[PDB]
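First chain written, first letter: the chains are A, B, C, D, E, F, G, H, I and J, and each begins at residue 1.
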């Protein structure tokens, strides 16, 4: 029933009975759905985004695994074990090595699903039915943000020579110094974690503004070459 | 340029008989229906030429004038 | 070539080669002019040698605009040609120069040596950047930015408005 | 969306423009996207999650059943 | 470099024809020895970093913003050492205030 | 620009806004630069149009410096026996003897035998606060060996609490333990002392600040906090909160120079949002935009004034969950009771159903 | 050369021009500058500064002249 | 998308390359997909890898540690006044002379020498012998004379080669005689440094990729093969890969419209435009007929 | 209208008092906000603010919810339970138009809301 | 390299053109030696209309591609032979195509003999079996009668059609002259193959 669903019921109604019938069927099925929730009720709560104390420990243990994997890569850098393959420098090999080690596993959903009652959780149901939101949104709220990536790379040390922020030392090797956010939104980000999220968040806002203007100039040139 | 005679005056146009407002949701409207507030409905007009087949339908509009809705405010 | 442009009402659109500005200020010897940028002529290490070769090629490059004085050691000739491009006239064009060239170091004839040392340091820093020793200055970092409001902004506008409305008539 | 968007509306007053508006530019003609050939419209948000709640087999209250009064009330 | 002793300028090369002959704006000429035959050169990505960061590496034990690691100094026996990672090769250099430098690079 | 009186928040943000006047340059100048935290609000910017990142707001503690007494510090530097004037040292002496170039407002005056020593000595003289003004910038460039003193107008400053170590006693005890180990004692480890780092800010000072009896000037004059510029911020290792400082209380590998207060990285408009760190930061930027266009008691002299397009809202409420921003801007808005629910599909796509009686 | 300067608080024809009077009447909250000493110039003053009539006034004193007692000023 | 060098697909760079019909050189993300000749060796990943290695362009300066344009000549009958640092080369320069009696230094030689030191680590990494380098340089530079050391020795003794310029190269500059012998000598260094030792010109990289393809079996079933290995190169040279015997010349796919047009014609360039736009459109792209409108409009004149 | 989390919204329905949903205690909303407005934009500060303000109203206090202050949503929910409400801020609620209770408990509580000064009479 | 591929595929081009060789094929070594010595290798073939088509293969470093006088001499000598001479094909390196003097002599002798078709092509035109390239849809020349009836049914002039160069690789292999019509069977992802007719226009270079 979703909008833009090719092969959905409304696309089929249009194919057999006409697009006007599909429009009338969208409205009619919409009224049925809305009149049902008029009795069923649907809500979202702060407790819908809250992990149980057992699942919060499970998520903490997962992140500690990612930090240890990042820490071992550092120990391979302290001892010079980092041997870049052909085509990449040691910095490039180390940076892509850290990005892979700090990626969340698929099993991060296990603590989230343990805390969630799927048949009653409004946040899960909105995500799971395609109404709004996605799985990364749910993980970020409940479990953890993970690694901030801008242009498929970590936070570059732009504050100073070898420094990402004033809160981190020069040539810091901790994953947190380069955009890894161990916290979730519900847990609340710290000051340096929040700054990295702002850089990533502002980056999306800039991309939205620049893409629309860049596409608009291309759109007009496309129109005039093709309008005839 | 964008403000020049070609792009602003020729390829675009400022027009009459048009309204603008904030949009909002109405689940009781069909997908091909738009909710038009009555104040705008009296501002914007539909030109109906009077003939034998529509004279009786057009009379209630003509009698209402500006005082009553559905009314009318002009005659050519 | 290394061409130094001073932005002013008189001096504009002219890109004086650096050694010419050094010689107009004194110490006509090219070895000392090189030392002002490299800080040491009897030194090893590849950055110093790369700087020295860079400055050599800069000196030897034929400037299409300053052809006659590229090799001149007569300081007065350099000052004169500069004046026409822009002894009492010899001093005045040199006297206006130091006021418009690094005024923060000073605006008097006793600051020419330190002005030349500072200019050599600036050329050295630009050469260090071209050697990938240092990155370009960050255009968005706030270490190199200042915020000006009310007091500064109006005074400069008052300064420009004061001469044209009071002094000019 | 309804976060402050504004849209223009003009009512065709001429007979030719009204015939054209009804037969050609009606939104029933844009139900299928010209760009992608797929449908543009469908349920969004409450109707997407409300269709799932309506048609799911079980509720926390047991079977997803309603009596005749509430079945009538849906229509 | 060759500096004209008459006017302290730099003499151009003018390789003519089996020998180098340095030429000045004075008309002065000093010819040239066997070491003047190096017209141009290039060494590829060799011999840098330690000299390029000489001042920075010397200052590292005193910069409070540099990362430090728990490791005894073999020279003065401090349990903490300043860790430096410079260059695209990510060279780790551990330095101490006493002067220990751990020259690996 | 025209002073828009949407509310008190709009006024004090319009006076706190910094203005900069399809390429990589356009992208880069609009980003959240890593030098912003504490000086420019990491959240506040326009959320729509080409003005994204073109408007910058000062962070809550960020101030703008006035021109200091350049000449007094310049004569103090010249008279300093540790600085050798330009007329005394040549370039060859500079490179050979390891001298560092000393600048004041970008003007190179003198050279010193130890850049770090000079910077530390003058930072101490600034901490005590008579001979060196607390708003002077002392930046030591360890990468090129220069010491820069800055006193020009237009510097962004923020106060930062100073962190103090026992690193000297820690080092002396380390030497004692090493010498005991070399002498042959089995218990040389007992000579080592734990490293301790802390801020001098105590809860009593917090109470006194709340009581009004302690001001920021007293904290500066007592050497508890000092003003830091982005130039000097590049010389600082800042603990982002007292929790981070307390966690590394005995970590000699992470020695902070200052400890931050996390709220200092936001402006007033961003600090209006409660639990902003629990929200997506882009939504906090949206709040910075929307907080400044809300009706209320826009001007307490509204009836005497003749205004255009100014809306005065009769009723305002303090938020039930207030933030630090509301101690400085009058709360505008109401603590509406809101039900997060589907009700007939009339609140879809960012619509709201309102109580007609509430209106 | 000029050496005699004094910017004075804004004046109205002389009576003290208050910021509210300037706003309602449409004047410019400007003060004269002296340059024998003479003066042909006026220079806009920032409300709340030492050159503004509201510099020393308290909350009630600000209220009596029609200014907002709570706003900081800093405008022209 | 990546922003790494070699393929600048960031932002709208690639759509502008398509829509503004930029030439091959103006492209910043050009690519080729090369199929190995015959299908039995196609599944061999190791075989595909060594074809990729032989395809990558190897420039002479890649194999060089350092080079020095010296001012010295060689006659073997005189002292020659050699550079003091490189006067030790005469130990093996005579050894080369007695080992290559057919390559005596000619009379038209110049006193412009280019002494280069080879990178033995790079030579063995790409499996390039000294004689392969020597033969390539002589074939492409008929107006030079080349001497070298012996490549069989172990580490610590470097591979040294000196190219001696001939007077024939200098006489070609009379039309541009404003450039002295120095400018010509430096000019030949750039040409010599950029000589192709191995590979296809323009192929900066060549990586083995696993292809999904369909084929019809003996039973007539259409099966999808997931074990097919091919070469994905950075940079486009359809003509260069057409001359390679290890590459199927009839299944070369380039991302460039300009190279497809010059090599294959307007109809293949028209199909390239459709495929190149469709790549930009993503998985939520428009109907195919809207891409036909773009390509047919852009190719209606017989040219892009 | 907007909340302090930046979630803008256009008011399009004015229901009378008898038409608004109400809890078993008669608490009824001033605004009905779609739950679908939360998940994408991740305005969890608004949820936490409602949770805290529910207990603030019943305790008769105003609490500091400044950013980067320590937050424990589990303890806030436990505080809700201690004030006599549910662990979540959800209550049994009745449809105002029909009197039928929703099968789900509805999250309802005080959230500070602001009127953005974009007026429909000015815009239209 | 280019020479062996050109040697193997020029005869495939001649056969695809439905032409019969007047001479006999030489081994590859003899061909490359003749290219290195004489500067060109000349292959003569006969069409169905008993016309003669001469193919000249010029080496990269030959004298002809460098000096226009030798090009003039060669072209004037071959064009004066007692042959029907339907066409002349000159295969050279691509950089030669950007050499103005060679182009000038080509166009000059083209004007000198209006009847004879003289064409100059790069190596890559004949370094592959162009019709067998997968990316190239099947081209075929259609008679003036088929084109005339197609245009009459469509109410089109030849100039309304989509255009194709006479130097297009498939058109070169077909032997399409300007003013002729080539029908292309193009694969389609919307119709599962399609047919267009393109008007052959003047050759580039």
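Methods note: a contact is a pair of C-beta atoms (placed from the backbone, for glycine too) under 8 Å apart; a residue touches a chain by one contact, two chains touch by 3 or more.
Counting only chains that touch, the fewest steps needed to get from chain D to chain H is 1. Closest to the protein's overall CA centre, chain by chain, comes A. Each chain gets a centre from the mean of its Cα atoms; for chain D and chain I, those two points are 28 Å apart.
Centre-to-centre, using mean CA coordinates, chain B is 57 Å away from chain F.
Chain geometry summary: the mean Cα position of chain E and that of chain J are 61 Å apart.
Multi-chain contact residues of chain G, defined as those touching 2 or more other chains: 74.
Annotation for chain D: residues touching 2 or more other chains are 2-4, 6, 27-28, 36-37, 41, 44-47, 49-50, 59-60.
Of all residues in chain E, those that touch two or more other chains are 56, 63, 65, 67-69. Those residues of chain E lying in contact with chain H across their complex are 13, 15, 17-18, 20, 34-44, 46.
Across the complex, chain A is touched by residues 27-29, 31-33, 36-54, 58-60, 66, 70, 73-75 of chain D. Residues of chain I touching chain A in their complex: 35-36, 38-40, 42, 44, 47-48, 50-51, 67-68, 70-71, 73-74, 76-77, 87-90, 93, 95, 98, 100, 102-107. The part of chain H that touches chain A in the complex is made up of residues 1-3, 10-12, 15-16, 19, 125, 205, 293-294, 297.
On chain J, the positions that touch chain H within their shared complex are 1-2, 5, 123-124, 127-130, 132-137, 139, 162-165, 168-171, 184, 186-187, 189-190, 198, 201.
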